[PDB]
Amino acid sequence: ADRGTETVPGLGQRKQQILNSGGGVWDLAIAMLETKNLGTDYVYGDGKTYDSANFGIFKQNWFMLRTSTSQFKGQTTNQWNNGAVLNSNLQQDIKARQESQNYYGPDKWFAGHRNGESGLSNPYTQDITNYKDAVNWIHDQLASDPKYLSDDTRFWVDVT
């Protein structure tokens, strides 16, 4: 199916760490879609390099990082490995994503997070809206009962 639910034993411990490190429910929804374990132990850079490499629990790409975060603004494409610090600093990870979205606004943040630099050309394309929709649905689920902020339930969407 398009979407569903699964139990990830222990995940509620990591949910609470995220919410105790400056994250909000909206951040948890984005992280929940990105990885099953709310973790950073996917392949380095998510298998990608330079502006496309992904770091942190949200799999933020280096283009977004270097253009919209206080921690990385001004840095170059070639400096992309600097983003890896987010894989082991959850607070900086959370802070960077929030600053990125507060720099670009939600719509353009979605576009550049999903489609990189070329997504900023038009944030309202269907592939971006599909991603937006998925994060909205997961947030609606987490927001429907406070238990979902501390139990081991994961709401997932297959964003084709």
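All residue numbers refer to positions in the sequence shown, first residue = 1. Rigid core here is just the name for the largest C-alpha set that superposes within 1.5 Å across the two forms.
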_Stretch with larger C-alpha RMS deviation in 5 other deposited structures of this protein, core superposed, 115 to 123 versus 92 to 100_ = 115 to 123
*Quick one: higher average CA temperature factor, 90 to 98 or 119 to 127?*
119 to 127
*Taking only the CA atoms, which stretch has the higher mean B-factor in the record, 35 to 43 or 64 to 72?*
35 to 43
_Where the record places residue 22 (Cα B-factor, split into thirds across the chain)_ = middle
*Using the B-factor values recorded in the entry, state whether the Cα atom of residue 139 falls in the lowest, middle or highest third among the modelled residues of its chain.*
middle
*Lowest, middle or highest third: where is residue 14 by C-alpha B factor in its chain?*
middle
*If you rank every modelled residue in this chain by C-alpha B factor, which third holds residue 48: lowest, middle or highest?*
middle
